[PDB]
Each structure stands twice: as structure tokens, then as C-alpha cells.
$ cat run26.tsv   # TSV, C-alpha atoms
chain	number	residue	atom	x	y	z
Y	202	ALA	CA	-0.67	-23.02	-14.52
Y	203	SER	CA	-0.56	-19.74	-12.62
Y	204	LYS	CA	-3.80	-18.33	-11.25
Y	205	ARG	CA	-4.74	-14.93	-12.68
Y	206	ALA	CA	-6.08	-11.76	-11.10
Y	207	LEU	CA	-7.57	-8.66	-12.70
Y	208	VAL	CA	-7.34	-5.52	-10.58
Y	209	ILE	CA	-9.38	-2.66	-12.02
Y	210	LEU	CA	-7.72	0.68	-11.35
Y	211	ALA	CA	-10.00	3.69	-11.65
Y	212	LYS	CA	-9.08	7.31	-11.08
Y	213	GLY	CA	-9.57	8.09	-7.40
Y	214	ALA	CA	-8.95	4.52	-6.27
Y	215	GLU	CA	-7.52	4.07	-2.78
Y	216	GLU	CA	-3.85	3.37	-3.51
Y	217	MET	CA	-3.25	1.30	-0.38
Y	218	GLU	CA	-6.25	-0.89	-1.19
Y	219	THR	CA	-4.87	-1.35	-4.70
Y	220	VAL	CA	-1.17	-1.91	-4.00
Y	221	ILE	CA	-1.53	-4.20	-0.99
Y	222	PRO	CA	-3.66	-6.81	-2.82
Y	223	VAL	CA	-1.52	-6.61	-5.98
Y	224	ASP	CA	1.72	-7.00	-4.02
Y	225	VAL	CA	0.45	-9.79	-1.76
Y	226	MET	CA	-1.13	-11.71	-4.65
Y	227	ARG	CA	2.09	-11.44	-6.66
Y	228	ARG	CA	4.03	-12.77	-3.64
Y	229	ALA	CA	1.69	-15.76	-3.77
Y	230	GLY	CA	2.61	-16.49	-7.39
Y	231	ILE	CA	-0.60	-15.08	-8.85
Y	232	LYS	CA	-0.35	-13.31	-12.22
Y	233	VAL	CA	-1.81	-9.88	-11.62
Y	234	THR	CA	-2.86	-7.45	-14.33
Y	235	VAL	CA	-3.40	-3.89	-13.16
Y	236	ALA	CA	-5.93	-2.65	-15.70
Y	237	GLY	CA	-6.59	1.06	-16.01
Y	238	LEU	CA	-10.30	1.79	-16.32
Y	239	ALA	CA	-9.84	4.88	-18.50
Y	240	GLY	CA	-6.95	3.34	-20.44
Y	241	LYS	CA	-3.17	2.92	-20.40
Y	242	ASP	CA	-2.39	6.35	-18.92
Y	243	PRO	CA	-1.08	6.67	-15.32
Y	244	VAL	CA	-3.84	6.80	-12.72
Y	245	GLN	CA	-3.94	9.38	-9.93
Y	246	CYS	CA	-5.30	7.74	-6.79
Y	247	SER	CA	-7.32	9.05	-3.82
Y	248	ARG	CA	-4.25	10.46	-2.07
Y	249	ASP	CA	-2.49	11.51	-5.28
Y	250	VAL	CA	-0.18	8.50	-5.59
Y	251	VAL	CA	0.19	7.85	-9.33
Y	252	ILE	CA	0.23	4.25	-10.52
Y	253	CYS	CA	1.01	3.07	-14.04
Y	254	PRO	CA	-1.37	0.26	-15.07
Y	255	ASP	CA	0.04	-2.83	-16.80
Y	256	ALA	CA	-2.66	-2.48	-19.44
Y	257	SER	CA	-5.92	-0.75	-20.26
Y	258	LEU	CA	-9.09	-2.52	-19.14
Y	259	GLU	CA	-10.01	-2.58	-22.83
Y	260	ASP	CA	-6.97	-4.73	-23.62
Y	261	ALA	CA	-6.94	-6.64	-20.33
Y	262	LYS	CA	-10.52	-7.88	-20.75
Y	263	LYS	CA	-9.85	-9.54	-24.09
Y	264	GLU	CA	-6.98	-11.39	-22.38
Y	265	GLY	CA	-8.46	-14.70	-21.25
Y	266	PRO	CA	-10.55	-15.26	-18.07
Y	267	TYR	CA	-9.39	-14.31	-14.57
Y	268	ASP	CA	-9.63	-16.39	-11.41
Y	269	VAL	CA	-10.49	-13.20	-9.54
Y	270	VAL	CA	-11.56	-9.65	-10.34
Y	271	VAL	CA	-10.51	-7.20	-7.65
Y	272	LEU	CA	-12.25	-3.90	-6.99
Y	273	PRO	CA	-10.28	-1.49	-4.77
Y	274	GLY	CA	-12.02	1.17	-2.72
Y	275	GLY	CA	-11.72	4.94	-2.79
Y	276	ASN	CA	-14.84	7.09	-3.02
Y	277	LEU	CA	-14.09	8.45	-6.49
Y	278	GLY	CA	-12.57	5.16	-7.59
Y	279	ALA	CA	-15.69	3.22	-6.61
Y	280	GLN	CA	-17.89	5.88	-8.22
Y	281	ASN	CA	-16.02	5.48	-11.50
Y	282	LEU	CA	-16.20	1.69	-11.25
Y	283	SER	CA	-19.93	1.95	-10.56
Y	284	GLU	CA	-20.64	4.11	-13.63
Y	285	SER	CA	-18.58	2.01	-16.04
Y	286	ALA	CA	-20.53	-0.14	-18.49
Y	287	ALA	CA	-17.31	-2.04	-19.17
Y	288	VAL	CA	-17.01	-3.02	-15.52
Y	289	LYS	CA	-20.69	-3.98	-15.48
Y	290	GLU	CA	-20.08	-6.50	-18.26
Y	291	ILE	CA	-16.90	-7.83	-16.66
Y	292	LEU	CA	-18.56	-8.44	-13.30
Y	293	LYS	CA	-21.59	-10.06	-14.95
Y	294	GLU	CA	-19.25	-12.40	-16.82
Y	295	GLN	CA	-17.33	-13.29	-13.67
Y	296	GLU	CA	-20.61	-14.20	-11.96
Y	297	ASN	CA	-21.54	-16.52	-14.83
Y	298	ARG	CA	-18.02	-18.32	-14.98
Y	299	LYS	CA	-18.45	-18.73	-11.30
Y	300	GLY	CA	-15.32	-16.73	-10.77
Y	301	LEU	CA	-14.32	-15.02	-7.55
Y	302	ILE	CA	-15.09	-11.32	-7.15
Y	303	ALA	CA	-13.31	-9.40	-4.39
Y	304	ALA	CA	-14.17	-5.84	-3.34
Y	305	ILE	CA	-12.92	-3.73	-0.43
Y	306	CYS	CA	-13.97	-0.59	1.46
Y	307	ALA	CA	-16.19	1.46	-0.86
Y	308	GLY	CA	-15.51	-1.00	-3.65
Y	309	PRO	CA	-18.49	-3.28	-2.83
Y	310	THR	CA	-20.83	-0.44	-3.83
Y	311	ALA	CA	-19.84	-1.18	-7.44
Y	312	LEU	CA	-21.39	-4.61	-6.98
Y	313	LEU	CA	-24.67	-2.93	-6.00
Y	314	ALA	CA	-24.54	-0.52	-8.94
Y	315	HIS	CA	-24.12	-3.41	-11.38
Y	316	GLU	CA	-26.54	-5.68	-9.51
Y	317	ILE	CA	-23.89	-8.28	-8.67
Y	318	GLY	CA	-24.40	-11.10	-6.17
Y	319	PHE	CA	-27.69	-9.93	-4.65
Y	320	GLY	CA	-28.71	-11.83	-1.52
Y	321	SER	CA	-25.09	-12.35	-0.49
Y	322	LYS	CA	-23.56	-11.56	2.90
Y	323	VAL	CA	-21.23	-8.58	2.39
Y	324	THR	CA	-19.24	-6.02	4.36
Y	325	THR	CA	-17.96	-2.56	3.44
Y	326	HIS	CA	-16.29	0.42	5.07
Y	327	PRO	CA	-18.62	1.73	7.79
Y	328	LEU	CA	-19.19	4.94	5.81
Y	329	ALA	CA	-20.35	2.95	2.77
Y	330	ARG	CA	-22.85	0.75	4.60
Y	331	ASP	CA	-26.00	2.82	4.05
Y	332	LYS	CA	-25.21	3.18	0.35
Y	333	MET	CA	-24.51	-0.55	-0.03
Y	334	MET	CA	-27.64	-1.58	1.86
Y	335	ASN	CA	-30.06	0.77	0.10
Y	336	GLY	CA	-32.81	-1.44	-1.30
Y	337	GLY	CA	-31.92	-4.33	0.98
Y	338	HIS	CA	-30.19	-6.29	-1.78
Y	339	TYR	CA	-27.65	-7.86	0.58
Y	340	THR	CA	-27.17	-9.09	4.15
Y	341	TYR	CA	-24.63	-6.94	5.98
Y	342	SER	CA	-21.65	-8.31	7.89
Y	343	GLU	CA	-19.41	-6.73	10.53
Y	344	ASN	CA	-16.55	-9.14	9.80
Y	345	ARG	CA	-13.30	-7.50	8.73
Y	346	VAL	CA	-13.36	-9.91	5.80
Y	347	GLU	CA	-16.51	-11.61	4.54
Y	348	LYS	CA	-16.66	-14.44	2.02
Y	349	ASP	CA	-20.04	-15.71	0.87
Y	350	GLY	CA	-19.66	-18.00	-2.12
Y	351	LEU	CA	-17.75	-16.22	-4.87
Y	352	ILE	CA	-18.33	-12.83	-3.26
Y	353	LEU	CA	-15.45	-11.68	-1.06
Y	354	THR	CA	-15.61	-8.30	0.67
Y	355	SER	CA	-13.55	-6.32	3.17
Y	356	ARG	CA	-13.77	-3.10	5.20
Y	357	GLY	CA	-10.91	-0.68	4.57
Y	358	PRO	CA	-7.19	0.12	4.34
Y	359	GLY	CA	-6.64	-1.57	7.69
Y	360	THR	CA	-8.12	-4.87	6.49
Y	361	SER	CA	-6.21	-4.88	3.19
Y	362	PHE	CA	-3.70	-7.56	4.17
Y	363	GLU	CA	-6.46	-9.78	5.58
Y	364	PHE	CA	-8.42	-9.14	2.39
Y	365	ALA	CA	-5.44	-10.04	0.20
Y	366	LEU	CA	-4.50	-13.16	2.15
Y	367	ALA	CA	-8.12	-14.30	1.96
Y	368	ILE	CA	-7.90	-13.98	-1.84
Y	369	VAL	CA	-4.64	-15.92	-1.85
Y	370	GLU	CA	-6.13	-18.68	0.29
Y	371	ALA	CA	-9.19	-18.89	-1.96
Y	372	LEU	CA	-7.00	-19.21	-5.07
Y	373	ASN	CA	-3.86	-21.01	-3.88
Y	374	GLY	CA	-4.81	-22.64	-0.58
Y	375	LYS	CA	-4.09	-22.22	3.12
Y	376	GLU	CA	-0.47	-23.32	2.77
Y	377	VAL	CA	0.48	-20.72	0.16
Y	378	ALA	CA	-1.39	-18.09	2.17
Y	379	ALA	CA	0.55	-18.93	5.34
Y	380	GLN	CA	3.86	-18.85	3.46
Y	381	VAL	CA	3.14	-15.41	2.03
Y	382	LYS	CA	1.92	-14.11	5.39
Y	383	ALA	CA	4.97	-15.07	7.47
Y	384	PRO	CA	7.46	-12.54	5.98
Y	385	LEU	CA	5.04	-9.59	6.27
Y	386	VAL	CA	5.45	-9.13	10.05
Y	387	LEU	CA	1.70	-8.69	10.57
Y	388	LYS	CA	0.06	-8.55	14.02
R	2	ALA	CA	2.02	25.79	7.59
R	3	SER	CA	1.68	22.09	6.77
R	4	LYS	CA	4.61	19.88	7.71
R	5	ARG	CA	6.61	18.40	4.83
R	6	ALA	CA	7.83	14.88	4.11
R	7	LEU	CA	10.34	13.54	1.58
R	8	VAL	CA	9.88	9.91	0.49
R	9	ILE	CA	12.83	8.62	-1.54
R	10	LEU	CA	11.67	6.11	-4.14
R	11	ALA	CA	14.29	3.90	-5.77
R	12	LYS	CA	13.86	1.02	-8.19
R	13	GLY	CA	13.09	-2.16	-6.26
R	14	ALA	CA	11.42	-0.33	-3.38
R	15	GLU	CA	8.69	-2.26	-1.57
R	16	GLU	CA	5.56	-0.64	-3.01
R	17	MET	CA	3.39	-1.28	0.05
R	18	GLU	CA	6.03	0.25	2.33
R	19	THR	CA	6.07	3.23	-0.02
R	20	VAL	CA	2.35	3.81	-0.58
R	21	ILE	CA	1.08	3.26	2.96
R	22	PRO	CA	3.31	5.95	4.52
R	23	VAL	CA	2.64	8.38	1.67
R	24	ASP	CA	-1.12	7.84	1.81
R	25	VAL	CA	-1.34	7.99	5.59
R	26	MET	CA	0.85	11.10	5.85
R	27	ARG	CA	-1.26	12.87	3.23
R	28	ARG	CA	-4.38	11.94	5.21
R	29	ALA	CA	-2.77	13.78	8.15
R	30	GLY	CA	-2.41	16.94	6.10
R	31	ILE	CA	1.32	16.49	5.56
R	32	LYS	CA	2.67	17.73	2.24
R	33	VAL	CA	4.41	14.66	0.86
R	34	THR	CA	6.83	14.62	-2.05
R	35	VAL	CA	7.57	11.24	-3.60
R	36	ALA	CA	11.05	11.78	-5.04
R	37	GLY	CA	12.52	9.40	-7.59
R	38	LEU	CA	16.12	8.51	-6.85
R	39	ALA	CA	16.89	8.06	-10.55
R	40	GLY	CA	14.82	11.01	-11.71
R	41	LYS	CA	11.23	11.93	-12.57
R	42	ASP	CA	10.46	8.79	-14.57
R	43	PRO	CA	8.23	5.94	-13.30
R	44	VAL	CA	9.78	3.52	-10.81
R	45	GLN	CA	9.38	-0.26	-11.00
R	46	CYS	CA	8.91	-1.58	-7.48
R	47	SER	CA	9.76	-4.95	-5.89
R	48	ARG	CA	6.51	-6.61	-7.03
R	49	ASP	CA	6.41	-4.77	-10.36
R	50	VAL	CA	3.95	-2.08	-9.34
R	51	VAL	CA	5.00	1.05	-11.23
R	52	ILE	CA	4.79	4.33	-9.33
R	53	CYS	CA	5.23	7.79	-10.84
R	54	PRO	CA	7.21	10.06	-8.50
R	55	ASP	CA	6.03	13.64	-8.00
R	56	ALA	CA	9.54	14.80	-8.75
R	57	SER	CA	13.15	13.76	-9.05
R	58	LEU	CA	15.21	13.74	-5.88
R	59	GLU	CA	17.20	16.51	-7.55
R	60	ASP	CA	14.18	18.83	-7.75
R	61	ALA	CA	12.74	17.76	-4.39
R	62	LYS	CA	16.03	18.49	-2.62
R	63	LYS	CA	15.74	22.13	-3.71
R	64	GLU	CA	12.30	22.46	-2.14
R	65	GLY	CA	12.99	23.62	1.41
R	66	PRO	CA	13.99	21.37	4.32
R	67	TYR	CA	11.68	18.48	5.18
R	68	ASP	CA	10.31	17.64	8.61
R	69	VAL	CA	10.89	13.99	7.79
R	70	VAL	CA	12.85	11.96	5.25
R	71	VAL	CA	11.30	8.52	4.73
R	72	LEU	CA	13.14	5.47	3.42
R	73	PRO	CA	10.94	2.58	2.22
R	74	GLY	CA	12.21	-0.98	2.32
R	75	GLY	CA	12.53	-3.56	-0.44
R	76	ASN	CA	15.83	-5.38	-0.85
R	77	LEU	CA	16.92	-3.82	-4.15
R	78	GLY	CA	15.37	-0.52	-3.11
R	79	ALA	CA	17.32	-0.28	0.13
R	80	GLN	CA	20.47	-1.30	-1.71
R	81	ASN	CA	20.05	1.48	-4.27
R	82	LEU	CA	19.42	3.97	-1.45
R	83	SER	CA	22.53	2.68	0.34
R	84	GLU	CA	24.75	3.13	-2.72
R	85	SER	CA	23.55	6.68	-3.43
R	86	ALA	CA	25.81	9.65	-2.66
R	87	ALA	CA	22.75	11.84	-3.14
R	88	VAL	CA	20.95	9.98	-0.35
R	89	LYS	CA	24.04	10.13	1.87
R	90	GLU	CA	24.05	13.93	1.57
R	91	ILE	CA	20.33	14.25	2.22
R	92	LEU	CA	20.51	12.01	5.30
R	93	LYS	CA	23.64	13.60	6.77
R	94	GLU	CA	22.18	17.08	6.43
R	95	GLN	CA	18.80	16.03	7.85
R	96	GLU	CA	20.49	14.53	10.90
R	97	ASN	CA	22.65	17.63	11.37
R	98	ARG	CA	19.62	19.95	11.36
R	99	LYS	CA	17.72	17.79	13.86
R	100	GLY	CA	15.25	16.59	11.25
R	101	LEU	CA	13.41	13.29	11.62
R	102	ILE	CA	14.56	10.31	9.55
R	103	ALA	CA	12.25	7.29	9.22
R	104	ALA	CA	13.12	3.93	7.66
R	105	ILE	CA	11.27	0.61	7.42
R	106	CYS	CA	12.07	-3.07	6.81
R	107	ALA	CA	15.34	-3.17	4.88
R	108	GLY	CA	15.35	0.63	4.68
R	109	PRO	CA	17.34	1.11	7.93
R	110	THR	CA	20.38	-0.53	6.32
R	111	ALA	CA	20.73	2.64	4.25
R	112	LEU	CA	21.30	4.36	7.60
R	113	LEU	CA	24.20	2.02	8.33
R	114	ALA	CA	25.67	2.54	4.85
R	115	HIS	CA	25.66	6.31	5.28
R	116	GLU	CA	26.69	6.17	8.94
R	117	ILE	CA	23.50	7.83	10.15
R	118	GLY	CA	22.39	7.82	13.79
R	119	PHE	CA	25.08	5.54	15.16
R	120	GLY	CA	24.34	4.53	18.73
R	121	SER	CA	20.59	4.70	18.18
R	122	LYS	CA	18.25	1.88	19.15
R	123	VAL	CA	16.74	0.57	15.91
R	124	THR	CA	14.68	-2.23	14.41
R	125	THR	CA	14.49	-3.75	10.92
R	126	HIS	CA	12.91	-6.71	9.19
R	127	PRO	CA	14.19	-9.89	10.86
R	128	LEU	CA	15.98	-10.75	7.58
R	129	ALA	CA	17.94	-7.49	7.66
R	130	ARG	CA	18.96	-7.74	11.32
R	131	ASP	CA	22.42	-9.21	10.71
R	132	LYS	CA	23.20	-6.66	8.02
R	133	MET	CA	22.09	-3.79	10.25
R	134	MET	CA	24.09	-4.99	13.25
R	135	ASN	CA	27.29	-5.59	11.29
R	136	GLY	CA	29.84	-3.56	13.24
R	137	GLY	CA	27.57	-3.00	16.24
R	138	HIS	CA	26.83	0.64	15.43
R	139	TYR	CA	23.33	0.44	16.89
R	140	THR	CA	21.34	-1.34	19.59
R	141	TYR	CA	18.74	-3.70	18.11
R	142	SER	CA	15.06	-3.76	19.01
R	143	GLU	CA	12.12	-6.03	18.26
R	144	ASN	CA	9.48	-3.34	18.78
R	145	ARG	CA	7.20	-3.10	15.74
R	146	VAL	CA	8.07	0.59	15.62
R	147	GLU	CA	11.18	1.99	17.30
R	148	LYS	CA	11.74	5.69	17.84
R	149	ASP	CA	15.03	6.82	19.37
R	150	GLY	CA	15.12	10.59	19.22
R	151	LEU	CA	15.11	11.58	15.56
R	152	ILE	CA	15.70	8.05	14.22
R	153	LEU	CA	12.46	6.14	13.65
R	154	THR	CA	12.49	2.60	12.31
R	155	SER	CA	9.98	-0.19	11.69
R	156	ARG	CA	9.91	-3.89	10.75
R	157	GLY	CA	8.01	-4.68	7.56
R	158	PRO	CA	4.95	-4.49	5.29
R	159	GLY	CA	2.78	-5.49	8.23
R	160	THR	CA	4.05	-2.64	10.41
R	161	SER	CA	3.68	0.01	7.70
R	162	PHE	CA	0.52	1.54	9.16
R	163	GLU	CA	2.04	1.70	12.65
R	164	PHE	CA	5.18	3.17	11.08
R	165	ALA	CA	3.21	5.84	9.21
R	166	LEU	CA	1.08	6.75	12.23
R	167	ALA	CA	4.24	7.04	14.32
R	168	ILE	CA	5.59	9.56	11.81
R	169	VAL	CA	2.27	11.42	11.89
R	170	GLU	CA	2.32	11.55	15.69
R	171	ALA	CA	5.93	12.77	15.79
R	172	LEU	CA	5.14	15.56	13.33
R	173	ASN	CA	1.57	16.61	14.13
R	174	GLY	CA	0.71	15.13	17.53
R	175	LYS	CA	-1.28	12.26	19.01
R	176	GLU	CA	-4.67	13.83	18.22
R	177	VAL	CA	-4.03	14.15	14.48
R	178	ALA	CA	-2.61	10.61	14.47
R	179	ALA	CA	-5.73	9.31	16.22
R	180	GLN	CA	-8.04	11.13	13.80
R	181	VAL	CA	-6.14	9.68	10.84
R	182	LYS	CA	-6.15	6.18	12.30
R	183	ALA	CA	-9.88	5.96	13.08
R	184	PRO	CA	-11.14	5.64	9.45
R	185	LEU	CA	-8.54	3.01	8.54
R	186	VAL	CA	-10.29	0.07	10.23
R	187	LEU	CA	-7.07	-1.24	11.77
R	188	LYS	CA	-6.80	-3.59	14.77
$ encode --input "run26.tsv" --output "C-alpha cells"
Amino acid sequence: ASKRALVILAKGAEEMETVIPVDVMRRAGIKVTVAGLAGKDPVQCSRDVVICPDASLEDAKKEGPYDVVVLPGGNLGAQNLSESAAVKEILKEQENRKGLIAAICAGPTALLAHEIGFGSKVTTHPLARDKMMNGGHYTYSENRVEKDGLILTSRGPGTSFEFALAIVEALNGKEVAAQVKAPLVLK
Amino acid sequence: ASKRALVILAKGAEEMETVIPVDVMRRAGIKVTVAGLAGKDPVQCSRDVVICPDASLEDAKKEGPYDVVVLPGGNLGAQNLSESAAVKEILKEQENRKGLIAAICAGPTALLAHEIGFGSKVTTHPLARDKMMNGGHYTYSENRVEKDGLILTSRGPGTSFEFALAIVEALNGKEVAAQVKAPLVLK
């Protein structure tokens, strides 16, 4: 069967960090559900791009388990993700089903807010490092993409493709990842 | 007075090639208007991401001349752009007034369809090369970003950041482009 991905879209999310993973995962054959945190209404992102979610998080959650839960960045987007009790529960569940959790840029700070994957090696956008490392609950990494167990993190808009292809490789293998990468004309 | 950019969004447009330029240009302080080719309603992109345009092309056209008209890629998207009389008019008038025109991936084929910038050196996605060179109305290039006067083209999803920064540099200068690039965590 097809692998499934849940991308949580919160108001203020970084649109590039949301669209790149969604697009690349879909090119890999992954079934992606763009779930709106606040609901089914269109979501205005960090740079005002408005994206219509496939479903509300409320409805998306009750829709079977996901092979990966993706948390885009964006300062306001990550803030919203961090304050959501719904997201807290979702991430906790993913940890227990031993499911992959991927967060990029400011997104990893949501993991800290919901006490997810403590002790793991993680990376974030440089400007989110101090926030993420407050309390020393993680080991920081400078890698553009860092994968420690079922905790996958990345640094920013510029590492979005690497971040997405890493997710693809973790879910569909190196071959599928290479196939999806070729047509993108990356560096 | 902030520079202005018109991004024409048609059904089937490559969402990454749409969002990255919009986001990056807005980071540079450029007033961007995402104009829906078919109207104000949400647009379903190539990998099913649904984007809500800021306005219809009809309304956007009325809002003063733009410093740049951007054409995203996406096979169906570029085709729709290429078959649009509205787009033909916008592009012809932009060229006549010495206004920048930027197209990426399959997007440049809309330039061929509307006989825009003949004689210019251009690039496209490798898969759109034959289509673009049909008739030999341009000189082909393999540069990730190609700028020949007021015709700026790029190759694909993976060159979207370079494409957007090239637009930013052409409109606001190398310094603004550098300041916008720094926080992205690119190569």
C-alpha cells in the first residue's frame, strides 16, 4: 500500500517549507494530507501565500495512522504548533507507534514544547537554536539534515529539498528518492 | 516605492516554482500579486496543492504596471499560460515597455507561444528544451539561471531559489538579494 504523510499546516507556517515537502513526497508516491491546524479554512502563511488544506487536523487525525508527521517551520507557524494540545497528542502518539517525525527550520521547537524525542540529535534554523536547546534536552547538530532514529530535522527553506528527499528515502528507499530527485534539477 | 511583481497562476502550475519566487520576492520587500488566470478562485497545482490567488488576472492587470511578470512552470500550467490571450497581451505589453519577464522550467514555452523575446538566449527544463527550440527562435543555454536583457529564465524546481534571487537582484540590487539569501540556508 501507499505510505502516508500528515503535514500540519498552522497559520504563519513557512509556505516554502510546507509546499516543497508536500510536492516532493507526492512525487514519490506518498499519500499526503495537508491538515489545517485551525480547521478546513484556507491558511495564510508566513509570506502571505494562502494554502487550502485537504482537511482539518480534527478530521485528518481520526484518519488512520501516518508513516510520517511533518512540521513545517515559520515563526508563527511553529508557535501555533507548539501551543496546540491536539498537536501534542499527535506527536506523542507518533512516538509510541514508532513513527517518523520530521520537522524543519523553526518547526523542531514544537518537539521541545511537547517534550518529543528528548536526548536526540537535532538541528534547526540558526535563529531557533537557543530556543531549541534551552534546558539541554537535545544534542545539537550543524548538519543541513539530521536523522536520529525516528526524529528527522532540517535547517531552513534552503534545505527543504534535502529534507524532503530524506523523508522519501526513509519511507520509500534510496531508489525512489533518486528517481524523484533527478527531474528536479538540484545542485 | 516598493517594486511590484505579477505572478500568473494557472491550474496545473508547479506549486514549488510558484511559492518559492513569491515567498523570496516578498522577503525582498517586493509587492507581489499572485493572479489567478481563471479568476479569484483557488487553483489546483500540479501536485494537488491548492493555492488561493490574491486576485484574478483581470483585477491584477488593472493595478499599475509591474516591474516583473513571473511565469511558473508545471506542464499543464505552462500549457494554460500558452493558450491564454490574456497572458499574450500582458507579456507583449510588458516587453514593449521594457519590463522584466521571468519564466521557469516549462514556463518559458509560454514565451514561445506568444512570440516573446525572440532572439534571446534562454534556458528551460531539459524536458522542455525541444519544445522551446522548435523553430529556432532563441539560443539555448544550460545555465541554471539565464538572463538576457529583460528575459530571465531558469531550469526547474531545484533552481527556483536561484531564479527568485536573480529576480530580486535585477529589481532591487545585489545587496538586497544577498540579505534575502543569507537566512535561507542555501548552498
$ residues_near_point --input "run26.tsv" --point "(-8.5, 3.7, -5.8)" --cutoff "10 Å" --atoms "all atoms listed in the file" --output "ChimeraX atom specification"
/Y:209-220,244-250,252,272-282,307-308
$ atom_distance --input "run26.tsv" --atom1 "CA of residue 325 in chain Y" --atom2 "CA of residue 365 in chain Y"
14.9 Å
$ atom_distance --input "run26.tsv" --atom1 "CA of residue 138 in chain R" --atom2 "CA of residue 171 in chain R"
24.2 Å
$ residues_around --input "run26.tsv" --residues "residue 156 in chain R" --least-positions-apart "2" --cutoff "7 Å" --atoms "only C-alpha atoms" --output "PDB file with C-alpha atoms, in the frame of the given file"
ATOM      1  CA  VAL Y 386       5.450  -9.130  10.050  1.00  0.00           C
TER       2      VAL Y 386
ATOM      3  CA  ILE R 105      11.270   0.610   7.420  1.00  0.00           C
ATOM      4  CA  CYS R 106      12.070  -3.070   6.810  1.00  0.00           C
ATOM      5  CA  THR R 124      14.680  -2.230  14.410  1.00  0.00           C
ATOM      6  CA  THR R 125      14.490  -3.750  10.920  1.00  0.00           C
ATOM      7  CA  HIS R 126      12.910  -6.710   9.190  1.00  0.00           C
ATOM      8  CA  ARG R 145       7.200  -3.100  15.740  1.00  0.00           C
ATOM      9  CA  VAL R 146       8.070   0.590  15.620  1.00  0.00           C
ATOM     10  CA  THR R 160       4.050  -2.640  10.410  1.00  0.00           C
TER      11      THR R 160
END
$ residues_around --input "run26.tsv" --residues "range 26-38 of chain R" --least-positions-apart "2" --cutoff "6 Å" --atoms "all atoms listed in the file" --output "list in words"
residues 3, 4, 5, 6, 7, 8, 9, 10, 11, 22, 23, 24, 40, 41, 54, 55, 56, 57, 58 and 181 of chain R
$ decode --input "run26.tsv" --residues "range 234-245 of chain Y" --atoms "N, CA and C atoms" --output "PDB file, in the first residue's frame"
ATOM      1  N   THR Y 234      -1.580  14.336   3.310  1.00  0.00           N
ATOM      2  CA  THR Y 234      -2.779  15.013   3.763  1.00  0.00           C
ATOM      3  C   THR Y 234      -2.351  16.321   4.410  1.00  0.00           C
ATOM      4  N   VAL Y 235      -2.697  17.435   3.776  1.00  0.00           N
ATOM      5  CA  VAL Y 235      -2.361  18.736   4.329  1.00  0.00           C
ATOM      6  C   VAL Y 235      -3.484  19.087   5.294  1.00  0.00           C
ATOM      7  N   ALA Y 236      -3.211  18.928   6.584  1.00  0.00           N
ATOM      8  CA  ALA Y 236      -4.204  19.194   7.618  1.00  0.00           C
ATOM      9  C   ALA Y 236      -4.072  20.576   8.241  1.00  0.00           C
ATOM     10  N   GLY Y 237      -5.154  21.344   8.179  1.00  0.00           N
ATOM     11  CA  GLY Y 237      -5.152  22.677   8.749  1.00  0.00           C
ATOM     12  C   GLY Y 237      -5.340  22.607  10.252  1.00  0.00           C
ATOM     13  N   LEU Y 238      -4.396  23.181  10.988  1.00  0.00           N
ATOM     14  CA  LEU Y 238      -4.456  23.172  12.441  1.00  0.00           C
ATOM     15  C   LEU Y 238      -5.789  23.713  12.949  1.00  0.00           C
ATOM     16  N   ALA Y 239      -6.102  24.946  12.566  1.00  0.00           N
ATOM     17  CA  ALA Y 239      -7.332  25.609  12.989  1.00  0.00           C
ATOM     18  C   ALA Y 239      -8.607  25.033  12.372  1.00  0.00           C
ATOM     19  N   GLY Y 240      -8.473  24.303  11.272  1.00  0.00           N
ATOM     20  CA  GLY Y 240      -9.649  23.731  10.639  1.00  0.00           C
ATOM     21  C   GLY Y 240      -9.527  23.525   9.141  1.00  0.00           C
ATOM     22  N   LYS Y 241     -10.650  23.657   8.439  1.00  0.00           N
ATOM     23  CA  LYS Y 241     -10.696  23.466   6.990  1.00  0.00           C
ATOM     24  C   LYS Y 241     -10.468  24.749   6.189  1.00  0.00           C
ATOM     25  N   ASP Y 242     -10.555  25.897   6.853  1.00  0.00           N
ATOM     26  CA  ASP Y 242     -10.372  27.188   6.192  1.00  0.00           C
ATOM     27  C   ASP Y 242      -8.963  27.395   5.638  1.00  0.00           C
ATOM     28  N   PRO Y 243      -8.842  28.186   4.558  1.00  0.00           N
ATOM     29  CA  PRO Y 243      -7.540  28.463   3.942  1.00  0.00           C
ATOM     30  C   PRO Y 243      -6.585  29.052   4.973  1.00  0.00           C
ATOM     31  N   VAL Y 244      -5.314  28.687   4.873  1.00  0.00           N
ATOM     32  CA  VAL Y 244      -4.314  29.162   5.817  1.00  0.00           C
ATOM     33  C   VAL Y 244      -3.337  30.161   5.212  1.00  0.00           C
ATOM     34  N   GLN Y 245      -3.237  31.328   5.839  1.00  0.00           N
ATOM     35  CA  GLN Y 245      -2.315  32.358   5.385  1.00  0.00           C
ATOM     36  C   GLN Y 245      -0.953  32.044   5.989  1.00  0.00           C
TER      37      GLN Y 245
END
